[PDB]
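Ideal geometry is used to build each Cβ from the backbone, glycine not excepted, and the neighbour counts take in all protein chains shown. Every number here is computed from the coordinates shown, using simple stated rules; none is lab data.
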Amino acid sequence: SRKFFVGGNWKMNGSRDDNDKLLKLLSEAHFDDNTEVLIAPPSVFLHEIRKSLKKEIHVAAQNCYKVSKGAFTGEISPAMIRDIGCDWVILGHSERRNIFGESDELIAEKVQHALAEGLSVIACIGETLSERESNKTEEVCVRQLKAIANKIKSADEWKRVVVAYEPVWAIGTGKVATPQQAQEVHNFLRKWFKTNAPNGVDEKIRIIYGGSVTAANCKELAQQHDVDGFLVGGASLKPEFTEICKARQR
Amino acid sequence: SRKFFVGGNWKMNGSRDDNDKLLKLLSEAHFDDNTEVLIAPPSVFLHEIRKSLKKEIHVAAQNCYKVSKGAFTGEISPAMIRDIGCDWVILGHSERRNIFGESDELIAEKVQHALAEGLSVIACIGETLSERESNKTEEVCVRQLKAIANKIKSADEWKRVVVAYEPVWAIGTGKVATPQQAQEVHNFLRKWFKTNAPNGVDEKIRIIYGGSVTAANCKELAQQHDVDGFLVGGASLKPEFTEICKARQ
Ligand SMILES: [Cl-]
Ligand SMILES: [Cl-]
Ligand code: NA
Ligand code: NA
Ligand code: NA
C-alpha cells in the first residue's frame, strides 16, 4: 500500500523566530510509520533547518535549476541541495509555472536533473479555472506530466517522484476541490500512468492533492481512493499542519 | 571622494568545501581602508557564510523578490535576507534579465522594495552586442536605469545603491571593455545622474564595471576617472579575486 505523504510548502514565508516556533511544534508531534512528512522552507533557511530537524522529516528546496553549476545568478542546483544535506525538491509549482513563466520542458529538465543527482522530487501539475471550464483539465495535466515522463528513462527513477495535483484555482484562494473533483482527477492520472509509464509504476506512485487543504477539509479528501496525501501551503505555517499529517486517522 | 567597490558574483557555484577554501584566502587578505569588498554566494550558503565572515566584507544575496512574504514558491525576500544578517542584494543582473526574462519594471520594483527594507543594492544594467552595434548603448542603459529611478524618491535611497554597468557582450565571453569604452559609459551615466537624481547623488554613487574583469586587466580599468570598482564573476571564484580588490593600488 502506498505510504501516505504530507508536504508543507512554506512558499516565501520564514524567519529565525517564526521557523523556530513552527519547527518546535513539528518536532513534538508524533507521526506514525504510515505517514511520510516533508517541509519546504525558503532557500536561505534550508541548511540550518535540516541540521536541527529530525531526519524522519524531509526538508525540500522549493525550486532548483537544471545543471550542477553555471552562469545562472540567483539559482541553486541539486548538487548544492545535496551539499547542505537535503534530499528533496519541489519542481513545477504553479507559482513558478505561471508567475515566473517556467515552461513544461524546463520543469521536465529540472526533474530529470534532480533525479540524476539522487534527489526525490515533488513534481507539480494542474489546470487553471478557465482551462477547467473549457473541459481541458485532463489535456493540461497530461501535457505537463508527459513532458516530465519523457525525461524519466527507467522505472527505478519513478520511485523518487511524488506527483502533486493542484488545480491552479484552488491555490491560496480558499476554494478547495470537492472530494469528488479530486478523486476524479487523481483517478485519470493513475490510469495515465498505467497506460504510459513502465509496468507497476501506477500502483506505487503517490499522487497528492494540493490547493486550500486545511484540517477542516483534509479528512474527507484523504478517504478518496486515489488521493495519497497533500501538498499544504498556507496551512503549513499553522499548528494545524500536524493535524493534516494525521488526515488518514479518524 | 567615492570609496572603491569590488564585488564577487559567484553565480551558481558553491559547496561547503569550495566555499571554505575561497573564504580563507579572502579572510586572510589585507585591503586598504578605501576599498569596499563584497561577495555574493548562492542563497543556500548565505546565512552560514555571513556568520563566519568578518563583518567588513559584505555578503549579498544574488536575487530577491519584491514583497516581504507571500505565495511565491522558490523566492526570497529582503526581510529574509536581513533576518540572516545580510545587508546587500544584487538585482537586475544580465542573467536574470536575459535568461529569466525579468523586465525593467520588475527589477525596479525589487530595488525599491529592497531599499525600503534597508538593504543596499547592486543594480545591474548593460546592453547587448546587437544594441552596442546599433549605437543603442546609452539609450538601453538609460531605459533600464530610468525604470529604477522612477521608484526611488530620495538621495537617502540612492545612497545605498551601487550601479553596475556590465555590457552583456563582455559577461563571460572573455571580451572585456577597453578602459576607454568603460569610461565613456560611466561618464555618461554620472552625467545622467546629475540631472535625473536628487542633488549630489552623481558625486556619491558608485558606478562599477563588470564583464570579464581579471587580475590582468583591472588596474587600467580602475584608473579611469568614473570607474568606481568592479562586479566580478568568473574570476571571483579564484585566488586572483583578492588582487582585483587591490586594483586601485
Ligand atoms: Cl531531506
Ligand atoms: Cl552584509
Ligand atoms: Na538532523
Ligand atoms: Na505500462
Ligand atoms: Na538634480
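Is it true that some residue in the range B:225-235 is away from chain A (no Cβ under 14 Å), farther than 18 Å from residue B:34 by Cα and either buried (at least 19 other Cβ atoms within 10 Å of the Cβ) or within 16 Å of ligand 5 (Cβ to nearest atom) (or both)?
no
Being within 11 Å of ligand 3 (Cβ to nearest atom), more than 16 Å from residue A:16 (Cα to Cα) and β-branched (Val, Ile, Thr) is the filter here; which residues of the range A:34-58 pass it?
The one that is within 11 Å of ligand 3 (Cβ to nearest atom), more than 16 Å from residue A:16 (Cα to Cα) and β-branched (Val, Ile, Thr): A:57.
Can you tell me which residue is surrounded by the most Cβ atoms within 10 Å (Cβ to Cβ) among those in the range B:117-154 that are small (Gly, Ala, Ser) and touching an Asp or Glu at 6+ places or on another chain (Cβ under 8 Å)?
Restricting to residues being small (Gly, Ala, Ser) and touching an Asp or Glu at 6+ places or on another chain (Cβ under 8 Å), the top hit is B:126.
Quick one: is residue A:106 over 15 Å from residue A:227 (Cα atoms), surrounded by 22 or more Cβ atoms within 10 Å (Cβ to Cβ) and either within 16 Å of ligand 5 (Cβ to nearest atom) or within 18 Å of the chain's Cα centre (by Cα) (or both)?
no
Quick check on the range A:100-113. Is at least one of its residues touching a residue at least 12 places away in the same chain (Cβ under 8 Å), among the aromatic types (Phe, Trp, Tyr) and out of contact with any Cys (no Cβ under 8 Å at 6 or more places or on another chain)?
no
Mind checking which pairs have a first residue in the range A:183-206 that is more than 14 Å from every other protein chain (Cβ to nearest Cβ) and a second that is near ligand 4 (Cβ under 10 Å from one of its atoms) and of a type in the set (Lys, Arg), Cβ under 7 Å, 6 or more apart or different chains?
Partner pairs satisfying both residue conditions: A:202/A:194.
Which residue is farthest from ligand 1 (Cβ to nearest atom), if the candidates are limited to the range A:47-59 and must be away from chain B (no Cβ under 11 Å) and touching a residue at least 12 places away in the same chain (Cβ under 8 Å)?
It comes out as A:52.
Could you please give the count of residues in the range A:155-187 that are surrounded by fewer than 17 Cβ atoms within 10 Å (Cβ to Cβ), within 22 Å of residue A:111 (Cα to Cα) and hydroxyl-bearing (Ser, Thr, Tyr)?
Within the range A:155-187, residues that are surrounded by fewer than 17 Cβ atoms within 10 Å (Cβ to Cβ), within 22 Å of residue A:111 (Cα to Cα) and hydroxyl-bearing (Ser, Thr, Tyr) number 0.
Residue check, residue B:111 against (1) of a type in the set (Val, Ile, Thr); (2) touching a helix residue (DSSP H, G or I) at 6+ places or on another chain (Cβ under 6 Å); (3) closer than 19 Å to residue B:45 by Cβ; (4) more than 10 Å from chain A (Cβ to nearest Cβ), all met but one. Which one?
Answer for residue B:111: the failing condition is (3).
Could you tell me whether residue B:190 is surrounded by 14 or more Cβ atoms within 10 Å (Cβ to Cβ) and among the charged types (D, E, K, R)?
Spelling it out, residue B:190 is indeed surrounded by 14 or more Cβ atoms within 10 Å (Cβ to Cβ) and among the charged types (D, E, K, R).
Among the residues of the range A:128-135, is any in contact with a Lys or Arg (Cβ under 6 Å, 6 or more places away or on another chain) and either away from every other protein chain (no Cβ under 14 Å) or farther than 23 Å from residue A:224 by Cα (or both)?
So the first thing to find is which residues in the range A:128-135 are in contact with a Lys or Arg (Cβ under 6 Å, 6 or more places away or on another chain), and the list is none.
No: the range A:128-135 contains no residue that is in contact with a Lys or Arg (Cβ under 6 Å, 6 or more places away or on another chain) and either away from every other protein chain (no Cβ under 14 Å) or farther than 23 Å from residue A:224 by Cα (or both).
Return yes or no: is residue B:242 surrounded by fewer than 15 Cβ atoms within 10 Å (Cβ to Cβ) and either of a type outside the set (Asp, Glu) or more than 16 Å from ligand 1 (Cβ to nearest atom) (or both)?
On the way: surrounded by fewer than 15 Cβ atoms within 10 Å (Cβ to Cβ): no; either of a type outside the set (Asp, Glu) or more than 16 Å from ligand 1 (Cβ to nearest atom) (or both): yes.
It is false that residue B:242 is surrounded by fewer than 15 Cβ atoms within 10 Å (Cβ to Cβ) and either of a type outside the set (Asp, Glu) or more than 16 Å from ligand 1 (Cβ to nearest atom) (or both).
I'm checking my understanding of the structure. Among residues of the range B:87-103 that are closer than 25 Å to residue A:89 by Cβ and buried (at least 24 other Cβ atoms within 10 Å of the Cβ), which one is nearest to ligand 4 (Cβ to nearest atom)?
B:95
For the range B:69-108, enumerate the residues that are more than 10 Å from chain A (Cβ to nearest Cβ), among the charged types (D, E, K, R) and closer than 29 Å to residue B:27 by Cβ.
The one that is more than 10 Å from chain A (Cβ to nearest Cβ), among the charged types (D, E, K, R) and closer than 29 Å to residue B:27 by Cβ: B:87.
Condition check: surrounded by fewer than 22 Cβ atoms within 10 Å (Cβ to Cβ), more than 7 Å from every other protein chain (Cβ to nearest Cβ), out of contact with any strand residue (DSSP E or B) (no Cβ under 7 Å at 6 or more places or on another chain) and more than 27 Å from residue B:39 (Cβ to Cβ). Does residue A:66 satisfy that? I'd like the intermediate steps shown before the answer.
Values: surrounded by fewer than 22 Cβ atoms within 10 Å (Cβ to Cβ): yes; more than 7 Å from every other protein chain (Cβ to nearest Cβ): yes; out of contact with any strand residue (DSSP E or B) (no Cβ under 7 Å at 6 or more places or on another chain): yes; more than 27 Å from residue B:39 (Cβ to Cβ): no.
The answer is no for residue A:66.
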